[PDB]
Amino acid sequence: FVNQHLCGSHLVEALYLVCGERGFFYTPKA
Amino acid sequence: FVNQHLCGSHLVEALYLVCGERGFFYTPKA
Amino acid sequence: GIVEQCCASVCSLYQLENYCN
Amino acid sequence: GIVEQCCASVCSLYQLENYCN
């Protein structure tokens, strides 16, 4: 489900699901 | 809308809305 | 951590903004 | 950045896992 265009809240949701208990960092103006 | 219990995807959604273009870091086992 | 402060207990805008970049 | 690689262009599991902690 990750091999598509993922924007805005949909990208954050994918990070949440993939990274699990690790957590993640979301830096859009990088 | 932030002064409540925010768990799982609902917490990540709140961070997304509050932090905006800054982005955020989500570290649950901290 | 954020889960203890915002999920197990009531969150706040102060707490959330601590996790913005 | 992640928006250029996963929103403006097609994402991948490799890219996403680069942003896990």
Side-chain angles (χ1 to χ4, degrees):
Chain A
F1 66 96
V2 306
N3 297 287
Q4 60 181 307
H5 295 272
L6 300 170
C7 299
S9 70
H10 198 18
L11 177 56
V12 167
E13 173 171 292
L15 283 165
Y16 172 73
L17 288 173
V18 165
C19 295
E21 52 207 279
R22 296 177 270 179
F24 60 91
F25 59 102
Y26 175 67
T27 319
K29 291 222 131 295
Chain B
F1 66 96
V2 306
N3 297 287
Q4 60 181 307
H5 295 272
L6 300 170
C7 299
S9 70
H10 198 18
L11 177 56
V12 167
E13 173 171 292
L15 283 165
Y16 172 73
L17 288 173
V18 165
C19 295
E21 52 207 279
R22 296 177 270 179
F24 60 91
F25 59 102
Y26 175 67
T27 319
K29 291 222 131 295
Chain C
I2 193 178
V3 175
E4 290 76 22
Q5 298 310 323
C6 281
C7 174
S9 66
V10 178
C11 202
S12 75
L13 186 52
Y14 178 98
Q15 301 284 286
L16 291 167
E17 282 198 330
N18 277 346
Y19 292 94
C20 304
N21 289 322
Chain D
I2 193 178
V3 175
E4 290 76 22
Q5 298 310 323
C6 281
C7 174
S9 66
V10 178
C11 202
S12 75
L13 186 52
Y14 178 98
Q15 301 284 286
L16 291 167
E17 282 198 330
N18 277 346
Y19 292 94
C20 304
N21 289 322

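Note that these values count all heavy atoms, side chains included, but never hydrogens, waters or copies made by symmetry. Order of the sequence lines fixes the chain letters, A, B, ..., with proteins taken first and strands second; residue numbering starts at 1 for each chain.
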Partners passing side-chain contact (heavy atoms from CB on, under 4.5 Å) against B:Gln4 (at least two apart in sequence or in another chain): B:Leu6, B:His10
Check the pair A:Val12 / A:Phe24 against side-chain contact (heavy atoms from CB on, under 4.5 Å), numbers first and verdict last. CA-CA 9 Å; A:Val12 167; A:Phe24 60 91; 4.2 Å; yes
Which heavy atom of D:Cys6 sits nearest to which heavy atom of D:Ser12, and what is that distance? SG-N, 4.2 Å
B:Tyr16 meets the ring pair (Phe, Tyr, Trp, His ring centres under 6.0 Å) criterion, sequence neighbours left out, with none
Tell me whether B:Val18 shares a hydrophobic cluster with C:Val10, the cluster being built from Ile, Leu, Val, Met, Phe, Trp, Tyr side chains joined at under 4.5 Å. no
Sequence neighbours excluded - salt bridge (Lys or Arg N to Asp or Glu O under 4.0 Å) pairs with any residue from residues 11-20 of chain D: A:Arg22-D:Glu17
Hydrophobic clustering (ILVMFWY, side-chain heavy atoms < 4.5 Å, transitive) - are D:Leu16 and A:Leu17 grouped together? yes
Tell me which pairs pass salt bridge (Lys or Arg N to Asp or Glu O under 4.0 Å) where either residue lies in residues 1-10 of chain D, with sequence neighbours left out. none
Test: salt bridge (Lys or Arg N to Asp or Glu O under 4.0 Å). Region: residues 3-21 of chain A. Which pairs qualify, not counting sequence neighbours? none
Look up atom OG in D:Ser9 and atom NE2 in A:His5, then write down how far apart they are to the nearest 0.5 Å. 7.0 Å
Might you point out which heavy atoms bring A:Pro28 and B:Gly20 nearest each other, and give the distance in Å? CG-O, 4.4 Å
Going by side-chain contact (heavy atoms from CB on, under 4.5 Å), name the residues that satisfy it together with D:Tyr19, two or more places apart in sequence or in a different chain. A:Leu15, A:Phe25, D:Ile2
Counting only heavy atoms not in B:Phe1 (residues, nucleotides, ligands), do more than 12 fall under 6.0 Å from its CZ? yes
